[PDB]
Structures are given as structure tokens and as C-alpha cells.
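Worksheet: one structure, shown below.
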Amino acid sequence: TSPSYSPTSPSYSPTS
Amino acid sequence: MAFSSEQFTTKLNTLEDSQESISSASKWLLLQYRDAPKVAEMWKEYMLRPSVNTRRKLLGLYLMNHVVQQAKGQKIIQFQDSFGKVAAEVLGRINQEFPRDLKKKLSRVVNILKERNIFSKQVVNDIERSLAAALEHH
């Protein structure tokens with residue numbers, strides 16, 4: 001699927 | 001087994017230009033944390049092949065982005081390093097086959113990674129000067 005996307009929005013410190 | 005030839009490639013032949021399959025495939029790689037340097041060498045070779053077009057490189061470009069981000073987050077330093085080690089040359093070559101529009105998109109992803117400090121600022125300068133050399137002008 002191809003939903004909306006902006007590379008500054010996704011995880012970076014989501015969990016240890 | 002969890003590993004087989006071109007498993008990475010056949011993955012990118014199934015990914016789309018968005019976080020749906022991209023993040024899903026990233027989490028697979030983030031579970032291959034043991035094998036991070038192995039999958040990293042397959043990643044560079046995959047996109048280094050011209051047997052695949054700029055579209056294929058663009059998928060793997062987004063895939064790398066979310067993989068290195070998650071690795072930076074938790075503790076999978078092996079992945080952000082294993083991709084960071086090749087990123088300078090690799091991304092530097094993407095700029096040599098991408099149209100100016102995809103080069104701008106790639107540049108943004110690279111900037112967003114730099115701002116998130118995903119790679120070491122040293123490795124960042126490797127990627128920067130490489131993409132700078134790949135501006136095709138000086």
C-alpha cells in the first residue's frame with residue numbers, strides 16, 4: 001500500500 | 001532459515017514508496033540485528049546493480065531511512081553503523097543516477113537523518129562530501 005509519507009515523521013526513539 | 005540469497009532484494013521488489021511496506025520491511029531488518037553488516041553489504045550491492053532502476057533505489061532509500069532511525073533509537077548500533085559505513089559511497093552513487101527531482105527528495109531524507117544525528121557526524125561528512133561530489137558540478 002502507498003499511504004501518506006514524510007521521512008521526518010516516523011520513529012527515531014520509539015523504544016529501548 | 002531466516003536468511004537466503006537475495007531475500008533483501010526480493011523484499012525491495014515488493015516494497016512501495018511509502019511507510020506501509022517500508023516500515024514493515026524495516027522492522028524485519030531491525031530484527032536481523034545480528035546480521036546487520038551482512039544485510040548492509042547486500043543492501044549496497046542491491047542498489048549498486050543497474051539491473052534495477054531509480055524507482056528501486058528510491059524504495060531501498062526510504063527503507064534505509066526508517067531502519068537507521070529505529071536502530072539509532074533503541075540500541076541496534078550495528079545497523080546504523082552497517083548502513084552508515086556504506087551510505088557515503090552508496091548514496092553518493094544514487095545522486096549519479098537520480099533525476100534532479102529524486103536527488104532533491106534523497107537530499108531531504110539525508111538532511112532529516114543528519115538532523116536526527118542518526119549517523120556519526122564523521123560519517124555524515126562522508127555522505128555530505130560524496131553527495132556534494134555527485135552534484136555533477138563543483
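Labels used: A, B, ... for chains in the order of the C-alpha cells, numbers from 1 for residues in each chain, and numbers from 1 for ligands as shown.
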
Margin query: Tell me as an MDAnalysis selection string which residues belonging to chain A come within 6 Å of chain B, counting only C-alpha atoms.
Written below: chainID A and resid 2 5 12:13 15:16

Notebook entry, point to check: Can you tell me, as JSON, numbers by chain, what residues are no more than 9 Å from residue B:44 when counting only C-alpha atoms, ignoring any on the same chain fewer than 5 positions away?
Noted result: {"B": [39, 49, 83, 86, 87, 89, 90]}

Next item on the list: Compile the contact shell of residue B:40 as a PyMOL selection string: residues with an atom at most 8 Å away, counting only C-alpha atoms, same-chain residues fewer than 2 positions apart removed.
Entry: chain B and resi 36-38+42-44+79+82-83+86

Emit the selected residues as a CSV table (one decimal), in the first residue's frame, including C-alpha atoms.
chain,number,residue,atom,x,y,z
B,36,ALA,CA,23.3,-6.1,10.2
B,37,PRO,CA,26.7,-6.0,8.5
B,38,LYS,CA,25.7,-8.9,6.3
B,42,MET,CA,23.6,-7.0,0.4
B,43,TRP,CA,21.8,-3.5,0.5
B,44,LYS,CA,24.7,-1.7,-1.1
B,79,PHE,CA,22.5,-1.3,11.8
B,82,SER,CA,26.5,-1.0,9.0
B,83,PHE,CA,24.3,1.2,6.7
B,86,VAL,CA,28.3,2.2,3.0

Checklist line | DSSP helix (DSSP H, G or I) residues within stretch 40-119 of chain B, listed as a VMD selection string | finding: chain B and resid 40 to 48 54 to 73 77 to 94 100 to 115

Can you write out the residues you just picked, keeping C-alpha atoms, as a JSON list (two decimals), in the first residue's frame?
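Output contents, as saved in part.json:
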[["chain", "number", "residue", "atom", "x", "y", "z"],
["B", 40, "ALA", "CA", 24.19, -3.99, 4.78],
["B", 41, "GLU", "CA", 26.57, -5.46, 2.21],
["B", 42, "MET", "CA", 23.56, -6.95, 0.41],
["B", 43, "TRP", "CA", 21.82, -3.54, 0.54],
["B", 44, "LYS", "CA", 24.67, -1.66, -1.14],
["B", 45, "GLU", "CA", 25.08, -4.39, -3.78],
["B", 46, "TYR", "CA", 21.33, -4.46, -4.46],
["B", 47, "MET", "CA", 21.11, -0.75, -5.33],
["B", 48, "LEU", "CA", 24.62, -0.68, -6.88],
["B", 54, "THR", "CA", 15.95, 4.59, -9.91],
["B", 55, "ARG", "CA", 12.49, 3.58, -8.63],
["B", 56, "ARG", "CA", 14.01, 0.50, -6.94],
["B", 57, "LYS", "CA", 16.79, 2.67, -5.46],
["B", 58, "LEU", "CA", 14.11, 5.05, -4.13],
["B", 59, "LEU", "CA", 12.34, 2.24, -2.22],
["B", 60, "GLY", "CA", 15.56, 1.00, -0.63],
["B", 61, "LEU", "CA", 16.42, 4.66, 0.09],
["B", 62, "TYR", "CA", 13.25, 5.04, 2.20],
["B", 63, "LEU", "CA", 13.81, 1.58, 3.70],
["B", 64, "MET", "CA", 17.29, 2.54, 4.84],
["B", 65, "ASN", "CA", 15.90, 5.78, 6.32],
["B", 66, "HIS", "CA", 13.47, 4.05, 8.70],
["B", 67, "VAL", "CA", 15.93, 1.22, 9.50],
["B", 68, "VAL", "CA", 18.76, 3.53, 10.58],
["B", 69, "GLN", "CA", 16.27, 5.67, 12.54],
["B", 70, "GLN", "CA", 14.96, 2.73, 14.59],
["B", 71, "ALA", "CA", 18.49, 1.38, 15.11],
["B", 72, "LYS", "CA", 19.54, 4.82, 16.39],
["B", 73, "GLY", "CA", 16.50, 4.76, 18.71],
["B", 77, "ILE", "CA", 24.06, 0.41, 16.66],
["B", 78, "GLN", "CA", 25.19, -2.40, 14.34],
["B", 79, "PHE", "CA", 22.54, -1.32, 11.80],
["B", 80, "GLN", "CA", 23.04, 2.46, 11.80],
["B", 81, "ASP", "CA", 26.78, 1.76, 11.55],
["B", 82, "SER", "CA", 26.50, -1.03, 8.97],
["B", 83, "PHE", "CA", 24.34, 1.17, 6.74],
["B", 84, "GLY", "CA", 26.26, 4.34, 7.67],
["B", 85, "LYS", "CA", 29.55, 2.70, 6.60],
["B", 86, "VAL", "CA", 28.26, 2.22, 3.03],
["B", 87, "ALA", "CA", 25.93, 5.26, 2.97],
["B", 88, "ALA", "CA", 28.68, 7.67, 1.87],
["B", 89, "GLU", "CA", 29.56, 5.77, -1.31],
["B", 90, "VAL", "CA", 26.09, 4.27, -1.81],
["B", 91, "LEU", "CA", 24.05, 7.50, -1.51],
["B", 92, "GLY", "CA", 26.85, 9.21, -3.42],
["B", 93, "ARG", "CA", 26.10, 6.86, -6.36],
["B", 94, "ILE", "CA", 22.31, 7.37, -6.12],
["B", 100, "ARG", "CA", 17.18, 16.28, -10.12],
["B", 101, "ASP", "CA", 13.74, 15.69, -8.56],
["B", 102, "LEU", "CA", 14.68, 12.38, -6.90],
["B", 103, "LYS", "CA", 18.07, 13.89, -5.91],
["B", 104, "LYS", "CA", 16.15, 16.63, -4.04],
["B", 105, "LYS", "CA", 13.96, 14.01, -2.30],
["B", 106, "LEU", "CA", 17.02, 11.94, -1.40],
["B", 107, "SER", "CA", 18.76, 15.09, -0.14],
["B", 108, "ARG", "CA", 15.81, 15.80, 2.17],
["B", 109, "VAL", "CA", 15.93, 12.25, 3.57],
["B", 110, "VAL", "CA", 19.70, 12.66, 4.04],
["B", 111, "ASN", "CA", 19.14, 16.02, 5.78],
["B", 112, "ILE", "CA", 16.43, 14.58, 8.04],
["B", 113, "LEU", "CA", 18.88, 11.82, 9.02],
["B", 114, "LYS", "CA", 21.63, 14.39, 9.69],
["B", 115, "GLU", "CA", 19.22, 16.44, 11.84]]

Next item on the list: Quote the spacing between atom CA of residue B:6 and atom CA of residue B:26 in Å to one decimal place.
Entry: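 Straight-line distance from atom CA of residue B:6 to atom CA of residue B:26 works out to 15.8 Å.
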
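For the pair atom CA of residue B:50 and atom CA of residue B:97, the separation is 9.4 Å.
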